[PDB]
Structure formats: C-alpha cells, structure tokens
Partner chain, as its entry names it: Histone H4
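The chain that follows stands alone, in the form deposited without its partner chain, written as structure tokens.
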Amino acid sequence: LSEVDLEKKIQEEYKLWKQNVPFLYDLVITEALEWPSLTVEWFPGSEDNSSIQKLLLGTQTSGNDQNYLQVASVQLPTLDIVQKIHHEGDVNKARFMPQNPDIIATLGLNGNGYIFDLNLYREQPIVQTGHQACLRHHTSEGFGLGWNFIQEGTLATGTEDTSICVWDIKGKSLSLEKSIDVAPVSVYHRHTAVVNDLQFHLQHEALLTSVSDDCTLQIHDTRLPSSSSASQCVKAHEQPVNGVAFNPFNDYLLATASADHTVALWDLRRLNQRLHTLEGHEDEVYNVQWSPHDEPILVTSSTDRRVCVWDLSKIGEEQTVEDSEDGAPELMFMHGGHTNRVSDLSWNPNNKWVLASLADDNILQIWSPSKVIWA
C-alpha cells in the first residue's frame, strides 16, 4: 500500500488501458481542465455526421481564485469553454432547470444556493455580474441539489449542516441590476449527519428522496410541514450513503451508492428489504445514475477510480467460473480511464451510450463503450 508505488501501479495500468481503448470504446475524448470541476451535466439538444453539444461544468479553486460556472461545447460524431460566469466559492454542484435549461441552480460558498439565468447574457464569453439570486439558509457547504420535474421553479438542497431546504423561484424576476435573496419554502431536519444527495421523483410533484452519512434512505412528502415526519425512513447501509437515483422508466425502482463499496437496489413498496446488491467496486461508491435510454442500465463511480456500467437484466444469469472470476453477470462494462477518484458523471441524453465523467485530477472524459459490447 505504498504511496509512490500505488501511483506507479496506476500509471502502468493507465498506459495499458490506453493501448486497449480500440477494443473497448467507440469514442474517447480526454480534456485537461485548468481547475478541477466537481460537477458535470449534459445540456439537452445539439447543433459531417457530427454535432456540437454542451456541458455544464464548474471550478474548484479552493479560495485561490475567482470561481466560474462554465458552459463547454464539444464536437461529437454520430472540447472548449465557451462561457464563464463569476461564481462565489467552489461550484459544488450545478444543475439546469429541466423545464428551461437557461435557468441554472448551484451550491456554493458556505452552502448558499445560487440561481443563474443564461438568457440575460447569451453572447458574453465572460460574465462578471455573477448570479441573479442567492438561496440563503444553509450554514455549511454541501452537494445535495435537485430540481422538481413537475412543479417548475421548485428545487431542493441538502448540505453538511444536515438540513434539507425546499425552494421556489417561480415568478421571481431576475435581472442584471442585482441579485435577489430567497428564503426557503420549507426546511426539514430529519438527518443526523451530512445530506449527501437528494432527488425529486420524475412523476410526482411532492416526492423527494434523500441519503446521508447517517446511513438512512428517506422519502419526504413536500406537501407536509416540517413538524411532520419523513414518509419513509430506513437504514439503507451500515456505512454512509453517498448517492441516490430514481429509475426514469420504473417509478418504484431506485438505487443507493454507499461507502461500503456497494450499490443497493430498492423498490419503494418494500424499503424494509433490499432488492439486490451490486458488488464489484473496491472502495466507496459515490455517484449513481440511471441511463435515460435503457431501463435496466445504470452507471456508478467510485474512489477506486473506476466507472462501472451495470445491466440489471443479467442478474442471476449463470456463469462458468471462467467468468465468475472477472465479475457479476450484471457488470457490463468498466471504465478504467481515470487515474483518480471520480467526482461526478452524466449520461448524454442526446446520443446513445455517451457518458461524461470527472476525476479529482482536473480530467474530464467523454466516452462511449463499444457497440460490440452493449449490443
């Protein structure tokens, strides 16, 4: 477990991985960022059998410099920074409002939320004005952020202060004249340690899920006041739960990523008993994201520096020990291109099987596993 020797191993394996790319990928794009980004999200839409698409990125300068919220464009077959907007503190997370992608929410300095309206400055390569609204309740930084898919303008945040705030920005006028302050519509105190991740249900106005270092998975009904209890609350793992994600096809299915190196699958109608356990990561699992194109497909990321793609439809398939040696049947693909902990990842909603992933060493990768493998 030597430090400079582990690095030696990492660099050897990465070299080998680079030689094997033509056997594993249809597409690999690697971009070294000036600063690390903690967040990445594909924008919907596109503009020689190629197209130009956009990503939402951030910076982490850690107090050393001006931070920016960033929009990048990339040319994909079927990377450069085109806009930088002043941001307060590290961009811990950045998500576009699904009903209108010009509206961006972020989590920044001291756990302030921020709102940006990209429509007020389409042409400016650099936007010095910064944010149009500041969401002011949280007292510690955090990474839990998600928009409501049914009720436009509603979003939620969760941070290290262990609270969850629900916000509503519908109808609030934004302009370059100044930033407005926004107070939460609700704040819930239902966790006993940092809220790591949270998500609104795709098909329900008031169903919010959250996970925490306190090991619980909770379901909240946002129509109820904070005096009320969580609608559902179970211990999901024995160790911190880092991510949570609803399946976009199956309204009862969700996944949790835990520090116990596993991903657990759950049905809302039976949270007292896990559906299945995905094993194969060697360290804390952080990110979990369902494919927006294929119901049984999800992707996870880990401190073990790997991104695994899983196929739930292969669960329980029989295996000659000649393959029981190299992974669970449901483990469809492993991305070994990152040489450090993976920070965030995003399915491209525009193209089949295209992913973006970020690691702690300033590397953004855009990749597509070989059709020879997924077909």
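Numbering follows the first chain given and starts at 1.
FYI, the form deposited with its partner chain bound isn't displayed, but the following is about it.
Contact annotation for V372: at least one heavy atom lies within 4.5 Å of its partner chain in the entry with it bound. The shortest heavy atom separation between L55 and its partner chain in the entry with it bound exceeds 4.5 Å. With a 4.5 Å cutoff on heavy atoms, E318 does not count as touching its partner chain in the entry with it bound; it lies far away.
At least one heavy atom of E322 is located within 4.5 Å of its partner chain in the entry with it bound. This chain is drawn without its partner chain; in the entry with it bound, the residue among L38, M334, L312, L33 with a heavy atom within 4.5 Å of it is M334. Note that among 338-346, 323-331, 59-67, 38-46, the stretch whose heavy atoms approach its partner chain to within 4.5 Å in the entry with it bound is 323-331.
Residues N20, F23, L24 are the members of 16-34 with a non-hydrogen atom no more than 4.5 angstroms from its partner chain in the entry with it bound.
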